[PDB]
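Have a look at final.cif below; it lists mmCIF, C-alpha atoms.
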data_final
loop_
_atom_site.group_PDB
_atom_site.id
_atom_site.type_symbol
_atom_site.label_atom_id
_atom_site.label_comp_id
_atom_site.auth_asym_id
_atom_site.auth_seq_id
_atom_site.Cartn_x
_atom_site.Cartn_y
_atom_site.Cartn_z
ATOM 1 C CA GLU A 1 -13.765 -2.739 -2.026
ATOM 2 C CA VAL A 2 -12.235 -3.445 -5.541
ATOM 3 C CA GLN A 3 -12.371 -6.637 -7.486
ATOM 4 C CA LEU A 4 -9.462 -6.499 -9.967
ATOM 5 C CA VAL A 5 -9.399 -9.115 -12.793
ATOM 6 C CA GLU A 6 -6.658 -9.825 -15.388
ATOM 7 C CA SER A 7 -7.321 -10.936 -19.001
ATOM 8 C CA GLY A 8 -5.828 -11.668 -22.442
ATOM 9 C CA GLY A 9 -3.035 -14.254 -21.812
ATOM 10 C CA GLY A 10 -2.033 -17.686 -23.164
ATOM 11 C CA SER A 11 0.499 -19.544 -25.347
ATOM 12 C CA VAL A 12 2.269 -17.714 -28.225
ATOM 13 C CA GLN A 13 5.355 -17.946 -30.510
ATOM 14 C CA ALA A 14 8.591 -16.293 -29.269
ATOM 15 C CA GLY A 15 9.220 -12.861 -30.897
ATOM 16 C CA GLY A 16 5.389 -12.134 -30.984
ATOM 17 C CA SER A 17 3.285 -9.727 -28.839
ATOM 18 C CA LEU A 18 0.570 -9.705 -26.197
ATOM 19 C CA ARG A 19 -1.737 -7.130 -24.501
ATOM 20 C CA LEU A 20 -2.756 -7.818 -20.862
ATOM 21 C CA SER A 21 -5.916 -6.136 -19.606
ATOM 22 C CA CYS A 22 -6.621 -5.440 -15.888
ATOM 23 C CA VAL A 23 -10.328 -4.584 -15.568
ATOM 24 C CA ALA A 24 -11.227 -3.018 -12.124
ATOM 25 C CA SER A 25 -14.578 -2.589 -10.282
ATOM 26 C CA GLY A 26 -16.466 -0.972 -7.458
ATOM 27 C CA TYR A 27 -13.934 1.503 -6.441
ATOM 28 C CA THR A 28 -12.746 3.659 -3.524
ATOM 29 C CA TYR A 29 -11.858 7.109 -2.263
ATOM 30 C CA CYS A 30 -8.645 7.332 -4.242
ATOM 31 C CA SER A 31 -7.009 6.725 -7.567
ATOM 32 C CA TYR A 32 -4.540 4.007 -6.610
ATOM 33 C CA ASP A 33 -1.121 3.841 -8.269
ATOM 34 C CA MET A 34 -1.080 0.433 -10.171
ATOM 35 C CA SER A 35 1.496 -2.249 -11.084
ATOM 36 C CA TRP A 36 2.212 -5.487 -12.912
ATOM 37 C CA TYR A 37 4.029 -8.479 -11.354
ATOM 38 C CA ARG A 38 4.828 -12.034 -12.541
ATOM 39 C CA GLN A 39 5.660 -15.491 -11.081
ATOM 40 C CA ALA A 40 8.548 -17.119 -13.115
ATOM 41 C CA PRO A 41 7.093 -20.292 -11.745
ATOM 42 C CA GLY A 42 9.713 -21.327 -9.197
ATOM 43 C CA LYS A 43 11.281 -17.808 -8.805
ATOM 44 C CA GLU A 44 9.070 -15.830 -6.250
ATOM 45 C CA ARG A 45 6.327 -13.240 -7.221
ATOM 46 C CA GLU A 46 8.485 -10.401 -8.760
ATOM 47 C CA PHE A 47 8.119 -6.727 -9.791
ATOM 48 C CA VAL A 48 7.464 -5.977 -13.514
ATOM 49 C CA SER A 49 6.342 -2.303 -13.760
ATOM 50 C CA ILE A 50 4.248 0.549 -12.254
ATOM 51 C CA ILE A 51 2.185 3.551 -13.368
ATOM 52 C CA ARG A 52 1.393 6.081 -10.605
ATOM 53 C CA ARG A 53 -1.465 8.569 -10.196
ATOM 54 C CA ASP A 54 1.124 11.198 -11.228
ATOM 55 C CA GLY A 55 1.529 9.123 -14.472
ATOM 56 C CA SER A 56 5.311 8.316 -14.116
ATOM 57 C CA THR A 57 6.202 4.796 -15.142
ATOM 58 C CA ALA A 58 8.986 2.765 -13.798
ATOM 59 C CA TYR A 59 9.895 -0.697 -15.251
ATOM 60 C CA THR A 60 12.125 -3.508 -14.024
ATOM 61 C CA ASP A 61 15.433 -3.703 -15.977
ATOM 62 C CA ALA A 62 14.399 -7.174 -17.376
ATOM 63 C CA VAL A 63 11.736 -5.848 -19.732
ATOM 64 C CA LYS A 64 13.070 -2.306 -20.389
ATOM 65 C CA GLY A 65 12.453 -1.129 -23.976
ATOM 66 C CA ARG A 66 10.241 -4.167 -24.761
ATOM 67 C CA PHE A 67 7.191 -3.833 -22.437
ATOM 68 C CA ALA A 68 4.864 -0.809 -21.920
ATOM 69 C CA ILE A 69 2.282 0.093 -19.172
ATOM 70 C CA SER A 70 -0.795 2.325 -19.779
ATOM 71 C CA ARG A 71 -4.331 3.048 -18.435
ATOM 72 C CA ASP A 72 -7.616 4.264 -20.020
ATOM 73 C CA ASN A 73 -9.535 5.572 -16.942
ATOM 74 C CA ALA A 74 -12.598 5.758 -19.215
ATOM 75 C CA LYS A 75 -12.670 1.930 -19.274
ATOM 76 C CA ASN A 76 -11.051 1.719 -15.757
ATOM 77 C CA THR A 77 -8.726 -0.690 -17.539
ATOM 78 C CA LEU A 78 -4.932 -1.101 -17.366
ATOM 79 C CA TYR A 79 -2.730 -2.320 -20.202
ATOM 80 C CA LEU A 80 0.546 -4.250 -20.300
ATOM 81 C CA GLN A 81 1.773 -4.275 -23.903
ATOM 82 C CA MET A 82 4.535 -6.897 -24.266
ATOM 83 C CA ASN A 83 6.704 -6.905 -27.450
ATOM 84 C CA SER A 84 9.645 -9.184 -28.358
ATOM 85 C CA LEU A 85 8.603 -11.986 -26.027
ATOM 86 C CA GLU A 86 11.219 -14.596 -25.016
ATOM 87 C CA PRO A 87 10.507 -17.873 -23.127
ATOM 88 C CA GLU A 88 11.884 -16.162 -19.886
ATOM 89 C CA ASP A 89 8.733 -13.978 -19.917
ATOM 90 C CA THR A 90 6.576 -17.100 -19.362
ATOM 91 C CA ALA A 91 4.859 -16.774 -15.952
ATOM 92 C CA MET A 92 1.495 -16.108 -14.308
ATOM 93 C CA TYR A 93 1.187 -12.294 -14.564
ATOM 94 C CA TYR A 94 -0.672 -10.280 -11.849
ATOM 95 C CA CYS A 95 -1.970 -6.665 -11.584
ATOM 96 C CA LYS A 96 -1.628 -4.812 -8.265
ATOM 97 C CA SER A 97 -3.497 -1.822 -6.941
ATOM 98 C CA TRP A 98 -1.310 -0.058 -4.340
ATOM 99 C CA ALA A 99 -1.955 1.844 -1.211
ATOM 100 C CA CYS A 100 -3.294 5.285 -1.471
ATOM 101 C CA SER A 101 -5.147 7.576 1.019
ATOM 102 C CA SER A 102 -7.947 10.151 1.559
ATOM 103 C CA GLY A 103 -8.018 11.532 5.143
ATOM 104 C CA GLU A 104 -8.707 8.372 7.127
ATOM 105 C CA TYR A 105 -9.958 5.707 4.692
ATOM 106 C CA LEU A 106 -6.798 3.943 3.643
ATOM 107 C CA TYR A 107 -7.076 1.578 0.695
ATOM 108 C CA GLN A 108 -4.525 -1.202 1.335
ATOM 109 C CA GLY A 109 -4.192 -2.561 -2.152
ATOM 110 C CA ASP A 110 -5.448 -5.660 -3.903
ATOM 111 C CA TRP A 111 -4.143 -8.329 -6.316
ATOM 112 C CA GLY A 112 -6.014 -10.143 -9.112
ATOM 113 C CA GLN A 113 -6.350 -13.828 -10.147
ATOM 114 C CA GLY A 114 -3.625 -13.592 -12.820
ATOM 115 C CA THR A 115 -3.267 -14.831 -16.412
ATOM 116 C CA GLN A 116 -0.695 -17.360 -17.706
ATOM 117 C CA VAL A 117 1.619 -16.080 -20.498
ATOM 118 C CA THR A 118 3.583 -18.865 -22.242
ATOM 119 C CA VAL A 119 6.410 -18.658 -24.929
ATOM 120 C CA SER A 120 8.507 -21.308 -26.863
ATOM 121 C CA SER A 121 11.101 -22.708 -29.397
ATOM 122 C CA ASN B 334 -22.832 4.646 25.081
ATOM 123 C CA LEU B 335 -20.243 1.784 25.056
ATOM 124 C CA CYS B 336 -17.017 2.011 22.920
ATOM 125 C CA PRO B 337 -16.568 0.305 19.412
ATOM 126 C CA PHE B 338 -13.551 -1.812 20.140
ATOM 127 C CA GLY B 339 -15.036 -5.040 18.685
ATOM 128 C CA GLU B 340 -14.835 -3.320 15.291
ATOM 129 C CA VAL B 341 -10.985 -2.611 15.691
ATOM 130 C CA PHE B 342 -10.059 -5.994 17.132
ATOM 131 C CA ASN B 343 -12.669 -8.558 15.874
ATOM 132 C CA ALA B 344 -12.160 -7.002 12.273
ATOM 133 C CA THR B 345 -12.394 -8.993 8.978
ATOM 134 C CA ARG B 346 -9.233 -7.640 7.361
ATOM 135 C CA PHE B 347 -6.288 -5.651 8.823
ATOM 136 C CA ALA B 348 -3.713 -3.121 7.666
ATOM 137 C CA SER B 349 -0.395 -3.884 6.016
ATOM 138 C CA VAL B 350 2.127 -2.334 8.346
ATOM 139 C CA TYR B 351 3.540 0.634 6.194
ATOM 140 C CA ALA B 352 -0.107 1.410 5.460
ATOM 141 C CA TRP B 353 -1.263 1.370 9.030
ATOM 142 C CA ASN B 354 -4.856 2.049 10.025
ATOM 143 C CA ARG B 355 -6.028 4.143 12.891
ATOM 144 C CA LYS B 356 -9.340 5.037 14.415
ATOM 145 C CA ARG B 357 -9.486 7.828 16.940
ATOM 146 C CA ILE B 358 -12.001 6.800 19.655
ATOM 147 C CA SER B 359 -14.034 9.475 21.513
ATOM 148 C CA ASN B 360 -17.228 10.341 23.491
ATOM 149 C CA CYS B 361 -17.740 6.760 24.831
ATOM 150 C CA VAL B 362 -17.086 4.364 27.791
ATOM 151 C CA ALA B 363 -14.112 1.943 27.671
ATOM 152 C CA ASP B 364 -14.025 -1.339 29.644
ATOM 153 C CA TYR B 365 -10.433 -2.290 28.771
ATOM 154 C CA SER B 366 -10.445 -5.358 31.228
ATOM 155 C CA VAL B 367 -11.973 -7.469 28.434
ATOM 156 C CA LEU B 368 -8.613 -6.763 26.624
ATOM 157 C CA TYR B 369 -5.895 -7.255 29.311
ATOM 158 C CA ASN B 370 -7.041 -10.579 30.807
ATOM 159 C CA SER B 371 -8.956 -11.454 27.608
ATOM 160 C CA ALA B 372 -5.836 -13.546 27.140
ATOM 161 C CA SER B 373 -6.898 -14.564 23.666
ATOM 162 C CA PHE B 374 -4.203 -11.831 23.009
ATOM 163 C CA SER B 375 -0.534 -13.085 23.051
ATOM 164 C CA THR B 376 1.513 -9.858 23.861
ATOM 165 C CA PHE B 377 0.351 -6.949 26.093
ATOM 166 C CA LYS B 378 2.858 -4.290 27.252
ATOM 167 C CA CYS B 379 1.722 -0.999 28.893
ATOM 168 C CA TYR B 380 4.158 1.924 28.976
ATOM 169 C CA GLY B 381 3.452 5.036 31.127
ATOM 170 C CA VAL B 382 0.512 2.943 32.504
ATOM 171 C CA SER B 383 -0.572 0.437 35.187
ATOM 172 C CA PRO B 384 -3.119 -1.777 33.254
ATOM 173 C CA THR B 385 -5.592 -1.643 36.230
ATOM 174 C CA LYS B 386 -5.663 2.103 36.673
ATOM 175 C CA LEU B 387 -6.696 3.093 33.126
ATOM 176 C CA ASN B 388 -10.011 1.170 33.617
ATOM 177 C CA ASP B 389 -11.305 4.137 35.638
ATOM 178 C CA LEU B 390 -9.175 6.941 34.124
ATOM 179 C CA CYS B 391 -9.945 9.641 31.570
ATOM 180 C CA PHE B 392 -8.535 11.002 28.244
ATOM 181 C CA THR B 393 -9.159 13.590 25.473
ATOM 182 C CA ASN B 394 -8.603 10.789 22.935
ATOM 183 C CA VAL B 395 -7.735 7.115 22.521
ATOM 184 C CA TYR B 396 -6.144 6.243 19.097
ATOM 185 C CA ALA B 397 -6.010 2.608 17.866
ATOM 186 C CA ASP B 398 -3.379 1.703 15.271
ATOM 187 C CA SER B 399 -4.583 -1.581 13.601
ATOM 188 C CA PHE B 400 -1.869 -3.457 11.499
ATOM 189 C CA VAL B 401 -0.047 -6.778 10.690
ATOM 190 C CA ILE B 402 3.617 -7.897 10.869
ATOM 191 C CA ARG B 403 5.709 -11.059 11.429
ATOM 192 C CA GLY B 404 5.918 -12.323 15.036
ATOM 193 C CA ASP B 405 9.705 -11.736 15.303
ATOM 194 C CA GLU B 406 9.036 -7.986 14.471
ATOM 195 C CA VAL B 407 6.667 -7.506 17.568
ATOM 196 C CA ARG B 408 9.712 -6.512 19.555
ATOM 197 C CA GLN B 409 9.778 -3.290 17.384
ATOM 198 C CA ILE B 410 6.257 -2.035 18.384
ATOM 199 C CA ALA B 411 7.847 -0.577 21.412
ATOM 200 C CA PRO B 412 9.770 2.630 22.385
ATOM 201 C CA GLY B 413 13.543 3.032 21.755
ATOM 202 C CA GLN B 414 13.387 0.255 19.071
ATOM 203 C CA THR B 415 15.346 -0.364 15.898
ATOM 204 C CA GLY B 416 15.251 -2.113 12.478
ATOM 205 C CA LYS B 417 12.842 -2.395 9.481
ATOM 206 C CA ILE B 418 9.522 -1.615 11.240
ATOM 207 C CA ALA B 419 10.265 1.077 13.916
ATOM 208 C CA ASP B 420 12.533 2.719 11.273
ATOM 209 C CA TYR B 421 10.386 2.402 8.047
ATOM 210 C CA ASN B 422 6.709 1.386 8.690
ATOM 211 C CA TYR B 423 5.516 2.462 12.155
ATOM 212 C CA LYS B 424 7.609 4.119 14.899
ATOM 213 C CA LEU B 425 6.571 4.723 18.478
ATOM 214 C CA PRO B 426 7.801 7.840 20.413
ATOM 215 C CA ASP B 427 10.419 7.323 23.134
ATOM 216 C CA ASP B 428 8.123 8.512 26.024
ATOM 217 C CA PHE B 429 5.034 6.677 24.700
ATOM 218 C CA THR B 430 1.953 6.429 26.947
ATOM 219 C CA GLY B 431 -0.227 3.477 25.964
ATOM 220 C CA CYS B 432 -0.653 -0.272 25.482
ATOM 221 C CA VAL B 433 0.590 -2.657 22.743
ATOM 222 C CA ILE B 434 -1.589 -5.676 21.884
ATOM 223 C CA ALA B 435 -0.741 -8.414 19.461
ATOM 224 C CA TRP B 436 -1.996 -11.912 18.750
ATOM 225 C CA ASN B 437 -0.947 -14.700 16.407
ATOM 226 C CA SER B 438 -3.142 -14.679 13.343
ATOM 227 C CA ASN B 439 -1.786 -17.613 11.268
ATOM 228 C CA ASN B 440 -5.165 -19.372 11.322
ATOM 229 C CA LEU B 441 -6.589 -16.138 9.639
ATOM 230 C CA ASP B 442 -3.953 -14.211 7.617
ATOM 231 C CA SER B 443 -1.965 -17.106 6.020
ATOM 232 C CA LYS B 444 -3.111 -19.003 2.919
ATOM 233 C CA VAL B 445 -2.064 -22.075 0.971
ATOM 234 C CA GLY B 446 0.905 -20.782 -1.095
ATOM 235 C CA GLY B 447 1.061 -17.344 0.599
ATOM 236 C CA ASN B 448 -1.244 -14.319 1.365
ATOM 237 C CA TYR B 449 0.440 -11.413 -0.534
ATOM 238 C CA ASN B 450 -1.956 -8.738 0.784
ATOM 239 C CA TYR B 451 -0.014 -7.826 4.022
ATOM 240 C CA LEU B 452 3.072 -5.810 3.244
ATOM 241 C CA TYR B 453 6.081 -3.820 4.476
ATOM 242 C CA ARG B 454 8.511 -1.056 3.594
ATOM 243 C CA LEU B 455 12.063 -2.347 3.195
ATOM 244 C CA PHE B 456 14.535 0.637 2.686
ATOM 245 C CA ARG B 457 13.629 4.341 2.885
ATOM 246 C CA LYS B 458 15.647 7.572 2.509
ATOM 247 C CA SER B 459 15.603 8.224 6.318
ATOM 248 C CA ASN B 460 13.821 6.885 9.415
ATOM 249 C CA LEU B 461 10.188 7.680 10.245
ATOM 250 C CA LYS B 462 9.254 10.241 12.851
ATOM 251 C CA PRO B 463 6.858 8.968 15.672
ATOM 252 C CA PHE B 464 3.486 7.927 14.090
ATOM 253 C CA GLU B 465 4.667 8.800 10.553
ATOM 254 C CA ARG B 466 2.997 6.699 7.820
ATOM 255 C CA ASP B 467 4.497 6.307 4.364
ATOM 256 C CA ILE B 468 2.825 5.001 1.147
ATOM 257 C CA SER B 469 5.657 5.967 -1.472
ATOM 258 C CA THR B 470 5.602 3.792 -4.617
ATOM 259 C CA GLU B 471 8.892 5.483 -5.549
ATOM 260 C CA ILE B 472 12.189 3.639 -6.351
ATOM 261 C CA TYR B 473 14.978 3.560 -3.728
ATOM 262 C CA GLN B 474 18.457 4.822 -4.667
ATOM 263 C CA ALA B 475 20.763 2.242 -2.973
ATOM 264 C CA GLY B 476 23.850 3.181 -4.977
ATOM 265 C CA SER B 477 25.436 6.476 -5.848
ATOM 266 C CA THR B 478 24.475 5.095 -9.297
ATOM 267 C CA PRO B 479 21.284 6.765 -10.848
ATOM 268 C CA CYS B 480 18.041 4.809 -11.361
ATOM 269 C CA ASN B 481 16.674 5.877 -14.795
ATOM 270 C CA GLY B 482 13.503 4.783 -12.891
ATOM 271 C CA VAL B 483 14.469 1.191 -13.806
ATOM 272 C CA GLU B 484 14.260 -1.406 -11.033
ATOM 273 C CA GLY B 485 17.599 -3.233 -11.199
ATOM 274 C CA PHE B 486 21.154 -3.124 -9.767
ATOM 275 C CA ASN B 487 21.168 -0.806 -6.647
ATOM 276 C CA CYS B 488 17.651 0.421 -7.606
ATOM 277 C CA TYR B 489 14.955 -1.289 -5.587
ATOM 278 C CA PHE B 490 11.151 -1.044 -5.389
ATOM 279 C CA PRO B 491 10.764 -0.220 -1.648
ATOM 280 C CA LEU B 492 7.633 -2.245 -0.656
ATOM 281 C CA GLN B 493 7.385 -6.027 -0.198
ATOM 282 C CA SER B 494 4.729 -8.675 0.425
ATOM 283 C CA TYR B 495 5.391 -10.970 3.391
ATOM 284 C CA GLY B 496 3.546 -13.932 1.740
ATOM 285 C CA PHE B 497 2.356 -15.762 4.891
ATOM 286 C CA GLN B 498 1.961 -19.558 4.386
ATOM 287 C CA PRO B 499 0.526 -21.688 7.336
ATOM 288 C CA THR B 500 3.568 -24.041 7.026
ATOM 289 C CA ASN B 501 5.852 -21.089 8.306
ATOM 290 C CA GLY B 502 7.635 -21.192 11.691
ATOM 291 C CA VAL B 503 6.278 -19.068 14.562
ATOM 292 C CA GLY B 504 8.496 -15.921 14.095
ATOM 293 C CA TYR B 505 7.640 -15.769 10.324
ATOM 294 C CA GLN B 506 3.891 -16.242 11.172
ATOM 295 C CA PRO B 507 1.626 -13.122 11.026
ATOM 296 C CA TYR B 508 0.730 -11.200 14.215
ATOM 297 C CA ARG B 509 -2.163 -8.725 14.350
ATOM 298 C CA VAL B 510 -1.226 -5.593 16.293
ATOM 299 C CA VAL B 511 -3.189 -2.805 17.943
ATOM 300 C CA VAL B 512 -1.549 0.193 19.621
ATOM 301 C CA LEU B 513 -3.788 2.028 22.097
ATOM 302 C CA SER B 514 -2.188 5.496 22.448
ATOM 303 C CA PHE B 515 -3.434 7.876 25.173
ATOM 304 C CA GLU B 516 -3.498 11.687 25.269
ATOM 305 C CA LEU B 517 -4.954 14.531 27.240
ATOM 306 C CA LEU B 518 -4.159 17.851 25.524
ATOM 307 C CA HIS B 519 -5.925 20.546 26.865
ATOM 308 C CA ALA B 520 -9.733 20.698 25.772
ATOM 309 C CA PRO B 521 -12.093 18.315 27.374
ATOM 310 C CA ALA B 522 -12.188 14.737 28.712
ATOM 311 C CA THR B 523 -14.124 12.231 26.474
ATOM 312 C CA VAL B 524 -13.125 8.541 27.321
ATOM 313 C CA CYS B 525 -13.142 6.671 30.749
ATOM 314 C CA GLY B 526 -14.598 4.371 33.139
ATOM 315 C CA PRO B 527 -16.835 3.376 34.898
#
Can you turn what I pasted into C-alpha cells?
Amino acid sequence: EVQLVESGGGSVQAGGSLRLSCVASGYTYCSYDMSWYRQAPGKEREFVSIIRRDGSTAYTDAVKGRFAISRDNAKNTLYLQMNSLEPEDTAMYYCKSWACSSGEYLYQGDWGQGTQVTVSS
Amino acid sequence: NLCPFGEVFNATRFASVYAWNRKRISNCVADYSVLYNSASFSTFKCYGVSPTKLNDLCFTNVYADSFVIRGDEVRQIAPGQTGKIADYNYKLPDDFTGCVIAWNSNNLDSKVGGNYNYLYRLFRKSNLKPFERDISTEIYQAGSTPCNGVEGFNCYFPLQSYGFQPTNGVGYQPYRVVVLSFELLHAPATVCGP
C-alpha cells in the first residue's frame, strides 16, 4: 500500500542547514526509486532530486552542489540534506515513491503530506 | 464460473498511463453486454469486432489494460495513432482486435488543488512498440549537450503528473480507460458465452 510521511521542516536563517526525513511504511513487491519535489508556492509542484534502486542520484540544476539525497534502508527512511539555504528554497517539500514492477503487481507511486521549509533576511 | 470484470472496472484506484495495469482473464464466462449498452461508459470503439458477436464467441485469452489519461488523449487509444500517449505511454498495434472503453472520472480522480497520483511520460528516446510499458526514471537528453545527470537546460525528467482539479474543462478532465484485447493463439479456448 505505502503510507509515506515527511518530517523535519520549518523556519530557519538563510545560510543555515536542514535535514528532511521521509519515513515509509507497509511496503510492496519492489524497492521503488524515490524523489524529492517542492512547491515554490505559486510556481507548480517541481522536481528537486532522485535516488534510484541502482543508487544513481540526479539533482535539478537549482540545488546542485548544495543539496544531497540519501537513504538508510535499515530505517526505511530517506534524507534530503540541504546546505546553504536561500529564501528561494522556501516551499512545501514532498517525497515521491516512483513506479516500479515485479511480474504483474505494478506499484504506481505515492506522494506524502509534505513539510514547509522557510528562509529569510 | 462468471468473469471478474467488476474488479477491473468498478476499481478503487487506477493506473497512471505510462505505468499501465493489465489483468489477463481466463477460464470463465463473459457477458460483455453489461459493458456495451451499460452506457455509464462514454467511449466504446470495437476494432476487428462486431460488439454483438463477441457475446457468444471464444478466445484463448482476454487482456484488460486499466489506466487513466486526459479526455482529449482518448483519441490516441486507437490503432494508427500519434502523439504523447500512443508514442510514449501505451501504443496499440495497427491490426488490433478488441474494444476500447473509457468514461469520464472527474467526480473520482480530481481533487481540490490537483490529484498528482495519475501520471504520464513526456519525451522518450524512441516510440513504444505495441503494448510496451516503460517505467524509466532516467533523464532525457533533449540537446546534443550532455546532462551531468542534472535536470536543467535541455535535460528533462521524463515523467509528469497531470494534476486533475474538478474546475478543469472537459478535455483536461481525467478519463478512465480499459482496453479489452482478444487473442486465440493456438492452445485451447478459455473465455466465451453463453
Compile the contact shell of region 360-377 of chain B as an mmCIF file with C-alpha atoms, in the coordinates of the input: residues with an atom at most 7 Å away, counting all atoms listed in the file, same-chain residues fewer than 6 positions apart removed.
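Listed below is the output, result.cif:
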data_model
loop_
_atom_site.group_PDB
_atom_site.id
_atom_site.type_symbol
_atom_site.label_atom_id
_atom_site.label_comp_id
_atom_site.auth_asym_id
_atom_site.auth_seq_id
_atom_site.Cartn_x
_atom_site.Cartn_y
_atom_site.Cartn_z
ATOM 1 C CA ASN B 334 -22.832 4.646 25.081
ATOM 2 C CA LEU B 335 -20.243 1.784 25.056
ATOM 3 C CA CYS B 336 -17.017 2.011 22.920
ATOM 4 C CA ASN B 388 -10.011 1.170 33.617
ATOM 5 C CA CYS B 432 -0.653 -0.272 25.482
ATOM 6 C CA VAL B 433 0.590 -2.657 22.743
ATOM 7 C CA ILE B 434 -1.589 -5.676 21.884
ATOM 8 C CA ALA B 435 -0.741 -8.414 19.461
ATOM 9 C CA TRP B 436 -1.996 -11.912 18.750
ATOM 10 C CA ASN B 437 -0.947 -14.700 16.407
ATOM 11 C CA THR B 523 -14.124 12.231 26.474
ATOM 12 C CA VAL B 524 -13.125 8.541 27.321
ATOM 13 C CA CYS B 525 -13.142 6.671 30.749
ATOM 14 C CA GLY B 526 -14.598 4.371 33.139
#
Shell of 10 Å around residue 46 (chain A), all atoms listed in the file, local chain residues under 6 positions omitted, as a PyMOL selection string | (chain A and resi 36-40+60+93-94) or (chain B and resi 493)
Specify as an NGL selection string each residue included when the PyMOL selection byres ((chain A) within 10 of (chain B)) is applied to this file.
-> :A and (33-35 or 44-52 or 56-64 or 96 or 98-101 or 104-111)
What's the 12 Å shell around residue 11 (chain A), counting only C-alpha atoms, without same-chain residues fewer than 5 positions away, as a list in words?
-> residues 16, 17, 18, 85, 86, 87, 89, 90, 91, 92, 115, 116, 117, 118, 119, 120 and 121 of chain A
Take CA of residue 78 (chain A) and CA of residue 95 (chain A) and report the distance between them in Å, one decimal.
-> 8.6 Å
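Take the PyMOL selection byres ((chain B and resi 506) around 9) and apply it to this file: it picks residues 402, 403, 404, 405, 437, 438, 439, 442, 443, 497, 498, 499, 500, 501, 502, 503, 504, 505, 507 and 508 of chain B.
Separating CA of residue 389 (chain B) from CA of residue 527 (chain B) is a distance of 5.6 Å.
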Using all atoms listed in the file, give me every residue within 8 Å of (-5.3, 8.8, -8.5) in file coordinates, as a ChimeraX atom specification.
-> /A:30-33,52-54
Can you translate the PyMOL selection byres ((chain A and resi 5-7) around 7) into the concrete residues it hits in this file, as a PDB file with C-alpha atoms, in the frame of the given file?
ATOM      1  CA  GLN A   3     -12.371  -6.637  -7.486  1.00  0.00           C
ATOM      2  CA  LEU A   4      -9.462  -6.499  -9.967  1.00  0.00           C
ATOM      3  CA  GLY A   8      -5.828 -11.668 -22.442  1.00  0.00           C
ATOM      4  CA  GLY A   9      -3.035 -14.254 -21.812  1.00  0.00           C
ATOM      5  CA  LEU A  20      -2.756  -7.818 -20.862  1.00  0.00           C
ATOM      6  CA  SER A  21      -5.916  -6.136 -19.606  1.00  0.00           C
ATOM      7  CA  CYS A  22      -6.621  -5.440 -15.888  1.00  0.00           C
ATOM      8  CA  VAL A  23     -10.328  -4.584 -15.568  1.00  0.00           C
ATOM      9  CA  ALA A  24     -11.227  -3.018 -12.124  1.00  0.00           C
ATOM     10  CA  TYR A  94      -0.672 -10.280 -11.849  1.00  0.00           C
ATOM     11  CA  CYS A  95      -1.970  -6.665 -11.584  1.00  0.00           C
ATOM     12  CA  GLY A 112      -6.014 -10.143  -9.112  1.00  0.00           C
ATOM     13  CA  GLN A 113      -6.350 -13.828 -10.147  1.00  0.00           C
ATOM     14  CA  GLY A 114      -3.625 -13.592 -12.820  1.00  0.00           C
ATOM     15  CA  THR A 115      -3.267 -14.831 -16.412  1.00  0.00           C
TER      16      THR A 115
END
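Pairwise distance (CA of residue 410 (chain B), CA of residue 448 (chain B)) equals 22.3 Å.
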Of the residues B:461, B:487, B:397, B:522, which is the one nearest to residue 473 (chain B), using only C-alpha atoms?
-> B:487
